[PDB]
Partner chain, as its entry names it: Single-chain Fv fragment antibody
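Form deposited without the partner chain, single chain, as structure tokens, below.
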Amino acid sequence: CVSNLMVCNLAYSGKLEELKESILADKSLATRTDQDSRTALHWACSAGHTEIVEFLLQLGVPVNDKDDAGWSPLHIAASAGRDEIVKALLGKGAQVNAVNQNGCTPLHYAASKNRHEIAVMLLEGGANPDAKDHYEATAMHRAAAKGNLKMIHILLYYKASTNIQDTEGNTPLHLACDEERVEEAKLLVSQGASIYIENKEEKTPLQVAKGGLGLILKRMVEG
């Protein structure tokens, strides 16, 4: 029991036929909100019930309404890794650059959870690759930190900047160097990540890098 609203519990638990009978008899239940300000769409996205999402979209429910934590269906779908539900929400013009209460866009969640296919769909859908959260961090900061080369290639193909500083003054290259993501550091530098930008501790990526990574990155840029 995730909701005080029956159609939401039906949506979460995947009761397509029951949910369809409830809504078709009372079409206002499709947009009725619960204790978390969630509709049946929000809960169907969370649990991954593609066919219930398709039913609710075919009725013409709004697709951009935020719950009490600022989460849109597209935030929920992206984070829970619902590939087909992301696709359906984008087909109905879900807001790709919507922000929740943490300032996170759906692409922030795609990056932070290595959702390659969802990241591509969001970027093809016009997602801003350089969207900054409340700590001024990007998809690229998460991909670089976590050491996800596939995600770095995707973000670079869709023209993500590599030089945006977070509130601690760190670029994705500082994070790659601090987390000792060697191949990620070299890829970022080969594609224009600055070895000169200083974080709030007045450190370049070279000075954060451990081992011999810093001299390797310096040689790549300066010879």
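Residue numbers count along the first chain shown, from 1. The term rigid core refers to the most C-alpha atoms you can superpose between the two forms while keeping them within 1.5 Å.
The following text describes the form deposited with the partner chain bound, which does not appear among the structures shown.
Residues within 4.5 angstroms of the partner chain in the deposited complex, judged by any non-hydrogen atom, belong to 178-186 and to none of the other stretches in 37-45, 162-170, 56-64, 178-186. For the three marked residues, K150, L156 and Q191, a heavy atom of each sits within 4.5 Å of the partner chain in the deposited complex.
The shortest heavy atom separation between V120 and the partner chain in the deposited complex is within 4.5 Å.
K87 belongs to the set of residues with a heavy atom inside 4.5 Å of the partner chain in the deposited complex.
After superposition on the rigid core, displacement of the C-alpha of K210 between this form and the one not shown amounts to 2 Å or more. Once both forms are fitted on their core, the CA shift for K159 between this form and the one not shown remains under 2 Å.
When the rigid core is held fixed, the Cα atom of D26 travels 2 angstroms or more between this form and the one not shown.
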